[PDB]
Structures are given as C-alpha cells and as structure tokens.
Amino acid sequence: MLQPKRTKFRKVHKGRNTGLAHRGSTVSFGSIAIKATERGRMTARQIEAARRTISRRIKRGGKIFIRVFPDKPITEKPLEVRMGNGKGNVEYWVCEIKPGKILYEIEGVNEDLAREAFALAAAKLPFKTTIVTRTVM
Amino acid sequence: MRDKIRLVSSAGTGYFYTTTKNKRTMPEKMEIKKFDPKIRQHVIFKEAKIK
Amino acid sequence: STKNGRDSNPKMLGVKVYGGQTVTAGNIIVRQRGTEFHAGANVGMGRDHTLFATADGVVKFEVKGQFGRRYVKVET
Amino acid sequence: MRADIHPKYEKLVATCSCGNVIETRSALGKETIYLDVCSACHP
Amino acid sequence: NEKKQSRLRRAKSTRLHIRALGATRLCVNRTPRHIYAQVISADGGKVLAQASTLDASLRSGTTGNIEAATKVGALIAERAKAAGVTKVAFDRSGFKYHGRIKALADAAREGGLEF
Amino acid sequence: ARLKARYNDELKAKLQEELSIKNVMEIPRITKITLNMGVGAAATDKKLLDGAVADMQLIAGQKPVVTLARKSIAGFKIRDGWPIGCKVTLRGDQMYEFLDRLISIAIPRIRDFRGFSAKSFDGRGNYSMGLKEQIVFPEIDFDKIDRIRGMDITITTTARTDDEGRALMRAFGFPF
RNA sequence: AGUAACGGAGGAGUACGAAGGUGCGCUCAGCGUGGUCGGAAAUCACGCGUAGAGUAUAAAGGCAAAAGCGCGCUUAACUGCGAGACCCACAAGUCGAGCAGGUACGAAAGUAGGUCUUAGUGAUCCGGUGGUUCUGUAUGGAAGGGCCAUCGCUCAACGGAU
RNA sequence: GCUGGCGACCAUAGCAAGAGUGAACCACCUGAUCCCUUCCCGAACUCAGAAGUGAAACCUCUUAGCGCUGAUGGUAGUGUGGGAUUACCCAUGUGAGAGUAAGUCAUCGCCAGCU
RNA sequence: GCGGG
RNA sequence: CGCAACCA
Ligand SMILES: C[NH+](C)c1cc(NC(=O)CNC(C)(C)C)c(O)c2c1C[C@H]1C[C@H]3[C@H]([NH+](C)C)C(O)=C(C(N)=O)C(=O)[C@@]3(O)C(O)=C1C2=O
Ligand SMILES: C[NH+](C)c1cc(NC(=O)CNC(C)(C)C)c(O)c2c1C[C@H]1C[C@H]3[C@H]([NH+](C)C)C(O)=C(C(N)=O)C(=O)[C@@]3(O)C(O)=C1C2=O
Ligand SMILES: C[NH+](C)c1cc(NC(=O)CNC(C)(C)C)c(O)c2c1C[C@H]1C[C@H]3[C@H]([NH+](C)C)C(O)=C(C(N)=O)C(=O)[C@@]3(O)C(O)=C1C2=O
Ligand SMILES: [Mg+2]
Ligand SMILES: [Mg+2]
Ligand SMILES: [Mg+2]
Ligand SMILES: [Mg+2]
Ligand SMILES: [Mg+2]
Ligand SMILES: [Mg+2]
Ligand SMILES: [Mg+2]
Ligand SMILES: [Mg+2]
Ligand SMILES: [Mg+2]
Ligand SMILES: [Mg+2]
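Protein chains in written order, with PDB author numbering: chain I, 1 to 137; chain Y, 1 to 51; chain S, 9 to 84; chain W, 1 to 43; chain K, 2 to 116; chain D, 2 to 177.
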C-alpha cells in the first residue's frame, strides 16, 4: 500500500473535507476512468485492493493509472487510554476524495472489459462512483 | 563564562564602569578611553577586580 | 507524556496607525520583526525595525522603487 | 607595484649550448647557461 | 558596462543618504576627457546650476586634468551662488574623492559653496 | 621584454592576415597569465606551506598571494578561511617576460617532453597548461629545491574562439 | 491585536574589546568549460547565474544604502536627559526624534547612547565595595544611617512563604 | 536628429534574436615619471595624455518566440435572513484564483553639448 | 579556611 | 581528598 517516502511532519490536523474536485476531474492519461461522485476518505489499503481487482480482471492488457495517492496520516489512540496525554499514533494513510475526482484510469482496453473491471473495483470503495469517458472539451 | 570587572577611572575620581570579559582570550588588564562625568572629560579606565 | 507544551508570550506586532490618520512626532506606526515596511519621508526606524513618525502629518502607505518596497511616509 | 614586497629582477643574458644567445629580465641574479633552447630541441 | 555598473553601485549609498537628508546636491561626473558638476535640487529632478569643461572658456584649452577641474569648480561655485545655492552635499558619484574630484571640490569650497 | 615589442611590431599583422580580422582592435592579444599552485597539505607542515610561495617569488618576479578556501569540504579536511592555495597574476612587462623565460629558457627542459596538449581552450581563447615539478625553472635550483610540488599556469587572452587562441599561441612559438 | 488543551514542532539560562563605531571597498550559492597530483565536491581561468549562499546561535520576519564579506583608524558597549508613542491589572517591558557636554570616524553633508531583530533571565529584604560638605541623639568628631555607582540567589515550583 | 548627466516610473518598460551609430560626446585606448592604488598584479582605483578603433561595451532601431499585462463570461469562496446537517440549498449583497480573447519591443521631466 | 595529592 | 565554618 502506497505511502510517502518521507514527510515534513508526522501528525496532521483533521481538517474539513469540503467543496468539489475541479482539478483531478478530467480523463488525462487513458481512455476510460472511474470517478468519485461522492465525498470521503480513501485509505491506502482500499487503493491497493481496487488496483488488484482491476488488474487481475483486465489481465495485464492496457495500463492502469492510479490518480489518488494517500498522503494524509491518520492517528489513533491505543485501546483503553483516556482522553489526554497528547496525540495518538499514526496508523494508516488516506487520500481525501471530493466529488468529481478521478481515481483510476484505463488506457489500451476496450470499453466493456474496462467497465467490468470498474464495476469490480467499485464494490471495494466506500463512496459511490461512476464510469466516465475521455472527451474533447 | 565571562567574569565581571570594573573599569576604574585613572583621574582620581571614584568613577567606574562595569563590564564582563573572557579571562582566557584576554588575560591582560583592559585599558580603554571613556568619559568620566565627574571631571566631564575622556580619560583612561583600567581594569580592576569586581568588588 | 509528549515533548510539546511550550510557546512564548505574545508580542503585539503590527500596524498601529493606518493610512490617512494624523500623527504627532514620535508616534509609533509599525511594530515589525524585519522591514516589511520601509521608512519614507518623515519616518524613522528604531533598532528593532520600529517605524515611527518624526513629524506631524498624515500617514501614507505606498509601493515604491524597483524592488517594489512598501513605504510608510508622513505628509506634513 | 608595491616596492619593498617583491623580489629583485634584473637583466640576464642566456648562453645556449647551440649558439642562440638570448636576453631576458629575470631573477636568476647571474648569467644563464642553457643546454636546450627553442631552436635546439625536438619541437 | 561593468565599470559603470560597479561605480553606480558605489554611488547609490551616498545618493540615497543625500535624498533622505533632503539637501541640495553637488553631483559630479568625470570622464577621461572632461569633467562636469551639477547643483541639483533636493527632489532630484531640477538642475539649479551646472558647469563643465564644455563652456567656450575651458573647451578651447585642455580638459581632463586637475587644472581644468579647478577651473570648473570655481565656475560652478560662482553659478551656484548666482542662483542662491549655498549649503550643498557633495556627491562624488562613486569616484574616489582624491584627485580631479578633490580639485573641483576645493575650488568649489573656496568659491563660496558651503560643505 | 622581447616578446612584447615582437608582438607589437611583427606578430600583429601576421595574426591579422592569418586569422582575417578586419578591425585592428579586434585582434587576438594576450591579457594575463596566472600561475596557481594548489597545496592541500597546508595544516600538516610549513616546508610545503611557504615553500610554494617562496618558489613562486623566485620563479615569478612578483610575490604570491595565499588563496584561502571558500567552503568546508569534509572529505578534503578543509574549513572555511584556511590557506589552501597560492597564485600570482602577471599582467604586463612581466607577463611577456614570463612567457619568454618559460617558452625559450625553460619550455624544453622537462624529461621526455612530447610537443604539448593543444585541445585545452575552455571554449574561448584561454589556455591552461600544467607542470609536474619546478626543476625546469632556470631560477629555482635543484640544490635549494625541497618537497617538489607542481604548478598550474593559465594564459587568458582577448580571443573569441579556440582558433584565434591557437593562432595567438602559435605566433608566440608554443610547444603545440 | 489577543486567544485554550497532559494540542503539533523546535530553541534559551549565552557569546563578542571585536563579532562594537566609523570611512572606504567587495558580492554570493550553484552550474558548464578547461587546468599538477586533484577525484562527483579544495585552489586557478573563463562564461553564464533564476537569490537558491551567508547571518555567533533555534525559527520566523528581514537583509543591495546590503543587515552578508574585507581593510584603516578607533571606543558612542559615552554622561545628563528626553517630546511623543507602543504594550500593559500592577510591578515591569519596548521604541524614540531632539537638546547639552565630551568624543570617534569622515574632505564634507553626516553617522555612532553596542551587536539584523525577536530568547540569554530573578522583585523585595539583609549585607559587601567605591564615592558623597546629606545626617550625625548635649557639643565637636566618629560609629551608624541616607544618596549615587556596583556586587552577592538553578530564590529553575523562575511574582521568589522560612 | 543625436548624444551625456540627474530624476519620475518600476517589465504594456523585460529577455531572446537580428541591425546601426564615431562631427562632437561616450567607450575602448597609450604610458605610468608624479598624486594615488594591489592581502600579488596600473585588472580595478588614480594620474599624465590623444596614435588609433567603434572590435568589445553602451546607446538607438526592428521583431510577440518567451516573459509581463489582461478583459467579458462562468466558477469557487463569503456578510445578512431563512431552510437542511456532512457542508449544502434558497433570497439578497459581494465576488476570486486559474484559464480564454486581447495588449505589449515604454511614457514623462530638468540641464548641458553637438549637428 | 585549614592540611593532603 | 578530608576536617571544620553557612541567617540575601
Ligand atoms: C522596470 N524593470 C523592467 C527594470 C528596469 C531596469 N532599468 C532601468 O531602470 C535602467 N535602464 C533602463 C531605464 C531600462 C534603460 C532595471 O535595471 C531593472 C528592472 C527590473 C529589476 C527587477 C529586479 C528584481 N528584484 C531584485 C526586485 C529581480 O528579482 C530580478 C530577477 N531577474 O529576478 C532582477 O533582475 C532585478 O534585480 C533587476 O535587476 C531589475 C533591474 O535591474
Ligand atoms: C543581491 N541582489 C543585488 C540581486 C541581484 C540579482 N542579479 C544579479 O546578481 C545579476 N547577475 C549577473 C551577475 C549580472 C549575471 C538578482 O537577480 C536578485 C538580487 C536580489 C534578490 C532579492 C530577493 C529578495 N528576498 C527573497 C531575499 C526579495 O524578497 C525580493 C523582493 N522584490 O521582494 C526579490 O526580488 C528577490 O527574491 C530576488 O529575486 C533577488 C534577485 O533576483
Ligand atoms: C523584468 N525583470 C523582473 C527581469 C526578469 C527576468 N526574468 C527571470 O529571471 C526569470 N527567471 C525565472 C524563470 C522566472 C525564475 C530577468 O532575467 C531580468 C529582469 C530584469 C532585467 C533588467 C536588465 C537591465 N537592462 C536595461 C539591460 C539592466 O540594465 C540591468 C541592471 N542595470 O541591473 C539588469 O539587471 C538586466 O540586464 C537584467 O539582467 C534583467 C534580467 O535578467
Ligand atoms: Mg521580499
Ligand atoms: Mg558600502
Ligand atoms: Mg527575482
Ligand atoms: Mg526575607
Ligand atoms: Mg554628637
Ligand atoms: Mg554612607
Ligand atoms: Mg510557585
Ligand atoms: Mg509562579
Ligand atoms: Mg467575473
Ligand atoms: Mg481575474
């Protein structure tokens, strides 16, 4: 599962996930893409699982472009500790997902096999997704 | 550390200044020209032990 | 136990007199760490880069020079 | 040039071993006796 | 280029200080052939007086030495007093103060200019 | 001494013709010659520390300067501002004298001397030679010599291309 | 502007008579290309060079009139002050033009009341040392006290209870 | 019509690429005896000059290639009132950044000299 | 503040 | 290194 090789800071504020994804919202690396129409978090484990189910299905024909990278560390308190005593320990990494974000792109595969692969990947993710095609403006 | 020292006026007046000095990089007694306000004049102040 | 509990007291920096206000000589205009504002006419700078009015007048901020510096000046 | 800092450099005649007597202002303090020259070499 | 660029870098400090003092400036320029002096206002835009080795009184002679500089200094002192300019700040403009510049400045001090 | 008036009277028209330079001013001239002698072993002793300066003051008519170090390279065992070099810049009436006293009284004085290395121009008309010992110098004697070091020399000329530099160095009778 | 948490990160309890003042001068870091070892990375030369170097020291804000780097001479790391401000429960803290005296540097306009700034600190009590036509228990002295200068606290639980 | 100096203004002014200027001026230039310089060096600084050359440099022209400027519209955000609670919606006010069309190879002032 | 190293 | 002196 993906992870930054290094970061400036270990722990990070929680923040608010708000707004739409106007940046990573266009098919730019391949011909078909899966796009999140709902908001949430995407752990690195989910990214690995969805990539595995897509790649095993399309059977190595065509390239897969992972367009999300998990760069936000998430902490957790150990079990049976009270509420003070500093911030919890890093457990896993997530990517914040705004509606409109491209998650995976497939290049070099026909539409039906890629749509099968994307349907298989959607059942591994915690938000609703859609299948979008590359257009010209 | 730096030791405290007096710079006493060589004019007879009891006027002095206080400063610090590094005793290793400056073992000799400091001599410096300063204004004595009791005679209203620049004279030489020599180093002395803090009292 | 973690190792983060420290901070320093506030310093109360910033613009004290804004553009258009009247000043007298000696009035402090800007408390700043560096020179994000530079002294123009009738403005002096203290040892800690404090900008103060050296004359009566009104305060005026500008951007001047080829380095695009922010300048405070006092109009007499 | 600063005076009392540099070395002394006076005239100097150069006696080559192949009849090419030269003249140059150098700091040898004597008369040079050369064997090899820019005429008596394999250049 | 490099010479003029470095010399203007050398002049900037005195020029900015003279502007901050709000003073009438006696700016001098020196070329291998001529010398120039300008008495300039505190705002830096108006030339209150001027003199050079191009004056129909120094040009016909020889220019670019210490004697011509002394003559220019006398002439600028006179012309500056004519325009009611007494207290000035001397701007050597990145040139060393010694030499032809010093001759101009001494002739200007003896001419009546106060600095 | 000789080389200066020689270039002023003979080599000028020769270079202008051979190189086809229209303007008189834009003709290849020799501007400076700098003799550097890097000595990294400075903090270890004094023989090879002031010996380079003394060998220079003997070889070059002008005294040397002590090139310090600009940074602190750990693998090199140097710290910022420590004497790690020496240099001397011959400019005029001494640069031509050094060109003579090294090109006609000490040029062919090194053991097994092939012609030269003639592909060192630095994209312009500035050449850089090299030397392995000071024994070739007719000034430093092998009796008084000690802790043999070598000197690098660099001739900087007012030349544009490497061809103009090659011409200006040939007219002065280089080892090619 | 201020703003809490056993919230997230780091520093301090010094240094320096020059690393202060002033006048004068200077401009990096990185690349390419060449050159005795010498080599990716030392010193030399030449071309660029977008601020990416440096700053006694942590970070931030600054830094070309460089606030960065050198050389000469120096003691303004002065005394009496101080309009007016900032910040402040108080006690404290901060900046300060200008004025007088005595200076240093500069040809001169000028610039200097320490250091690029923001940490490098400790009240009061008790006592020590220097000075002092203030006082001096009948009087003259003295002791003692006062005043000005300064010294003695990981009083660190740092407004310090003995 | 050209130079010189000092400013305003700080890229619509800049880079890159071409091109031209020697009456004067400016630059390079000649030499350092003298005044001054170099942690070495007349390179720089300084002085005495006028045999050359506009080569380099400066300056002036030309060019949207890159920079820089830059709408309109839309979008994001947001004050107030209201409605929903995963961050939106409605009414009203405000309104970017980015990007697009387009614009840019400056404008102005005081003084002197030369044509 | 008195001796030892 | 020990013995002894400690009331900002
Ligand atoms: C108006 N701009 C275009 C300009 C004009 C001139 N020219 C003059 O004023 C004098 N010469 C003219 C009048 C043009 C003939 C300029 O001389 C300059 C500049 C720009 C500045 C920009 C500087 C800038 N920083 C230091 C504020 C900067 O970061 C850069 C850079 N390349 O990153 C600079 O180049 C800059 O330092 C600089 O050199 C400028 C000028 O010199
Ligand atoms: C050091 N100064 C003289 C300078 C010079 C040049 N250019 C050169 O050196 C020219 N290069 C040659 C040698 C001619 C090829 C420069 O190019 C620059 C600068 C200054 C810096 C200043 C920077 C500054 N901050 C970041 C330190 C800053 O805040 C500004 C600003 N305007 O606010 C800058 O402009 C700055 O970022 C900057 O760009 C500089 C230069 O570019
Ligand atoms: C317009 N300014 C902001 C500017 C920008 C750039 N561009 C960059 O450096 C871009 N670099 C990036 C990629 C953005 C990091 C620039 O590169 C430059 C300059 C300024 C010019 C000014 C030139 C000027 N002219 C008259 C020759 C000049 O005389 C000077 C001077 N007297 O200092 C210059 O500095 C100048 O030659 C110069 O170097 C500029 C730039 O290089
Ligand atoms: Mg800035
Ligand atoms: Mg300076
Ligand atoms: Mg810049
Ligand atoms: Mg008590
Ligand atoms: Mg009594
Ligand atoms: Mg008493
Ligand atoms: Mg307590
Ligand atoms: Mg407390
Ligand atoms: Mg709009
Ligand atoms: Mg816009």
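Even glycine gets a Cβ: it sits at the ideal position worked out from N, Cα and C.
Can we count residue i as close to ligand 3, meaning its CB is less than 8 Å from some heavy atom?
| i | result |
| --- | --- |
| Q6/K | yes |
Let's see if you can read the secondary structure: which residues bound the beta strand (DSSP E) around residue i?
| i | result |
| --- | --- |
| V67/S | 65-72 |
| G116/D | Segment: none, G116/D is in no beta strand (DSSP E) and carries neither H nor E. |
| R39/S | 36-39 |
| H42/Y | 41-49 |
| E107/I | 101-107 |
| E27/D | Careful: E27/D lies outside any beta strand (DSSP E) and carries neither H nor E. |
| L28/W | Where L28/W is concerned, there is no enclosing beta strand (DSSP E), given that its DSSP letter is neither H nor E. |
| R77/S | 77-83 |
Using a Cβ-based criterion (distance less than 8 Å to any ligand heavy atom), does residue i qualify as near ligand 1?
| i | result |
| --- | --- |
| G46/K | no |
| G76/S | yes |
Where does the unbroken alpha helix (DSSP H) through residue i begin, and where does it stop?
| i | result |
| --- | --- |
| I32/I | No alpha helix (DSSP H) holds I32/I; the beta strand (DSSP E) holding it covers 32-36. |
| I67/K | 67-83 |
| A11/Y | Note, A11/Y: premise wrong, no alpha helix (DSSP H); not H, not E. |
| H22/I | Note, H22/I: premise wrong, no alpha helix (DSSP H); not H, not E. |
| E48/I | 44-58 |
| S58/K | It is not in any alpha helix (DSSP H) - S58/K carries neither H nor E in the DSSP assignment. |
| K4/K | 3-22 |
| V67/D | Counting along the chain, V67/D falls outside any alpha helix (DSSP H), and DSSP gives it neither H nor E. |
| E140/D | Counting along the chain, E140/D falls outside any alpha helix (DSSP H), and DSSP gives it neither H nor E. |
| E165/D | 163-172 |
For residue i, verify whether its CB is less than 8 Å away from any heavy atom of ligand 2.
| i | result |
| --- | --- |
| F173/D | no |
Check whether the Cβ of residue i lies closer than 8 Å to any heavy atom of ligand 5, and answer yes or no.
| i | result |
| --- | --- |
| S94/K | no |
| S14/K | yes |
Rounded to whole angstroms, how far is the Cβ of residue i from the Cβ of residue j, which I believe are closer than 8 Å?
| i | j | result |
| --- | --- | --- |
| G65/K | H35/K | 6 Å |
| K124/I | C95/I | Not a contact, Cβ separation roughly 15 Å. |
| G62/I | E107/I | 6 Å |
Exposed or buried, which one is residue i when buried takes at least 16 other CB atoms within 10 Å?
| i | result |
| --- | --- |
| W93/I | buried |
| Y34/W | buried |
| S26/W | buried |
| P139/D | buried |
| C16/W | buried |
| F45/S | buried |
| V136/I | exposed |
| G52/D | buried |
| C87/D | buried |
| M152/D | buried |
| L21/S | exposed |
- For the segment 14-33 of chain W, enumerate the residues whose C-beta is nearer than 8 Å to any C-beta of chain D, in chain order. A14, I22, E23, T24, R25, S26, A27, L28, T32
Inset, instruction - Output, in sequence order along the chain, the residues in the segment 77-88 of chain I whose CB is closer than 8 Å to any CB in chain S. - result: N85, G86, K87
Exercise for the section: Please list the residues of the segment 74-92 of chain D that have a C-beta atom closer than 9 Å to any C-beta atom in chain W, keeping them in chain order. Expected result: In summary, no residue of the segment 74-92 of chain D has a CB separated from any CB of chain W by less than 9 Å.
With 8 Å as the limit, tell me which residues of the segment 96-111 of chain D have their beta carbon closer than that to any beta carbon of chain W; keep them in chain order.
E98, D101, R102, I104, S105, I106, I108, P109, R110
Which of the residues in the segment 47-64 of chain D, read from start to end, lie with their CB under 7 Å from any CB of chain W?
Contact residues of the segment 47-64 of chain D toward chain W are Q58, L59, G62, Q63, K64 (C-beta to C-beta distance below 7 Å).
Residues of the segment 145-174 of chain D whose Cβ lies closer than 9 Å to any Cβ of chain W, in chain order:
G174
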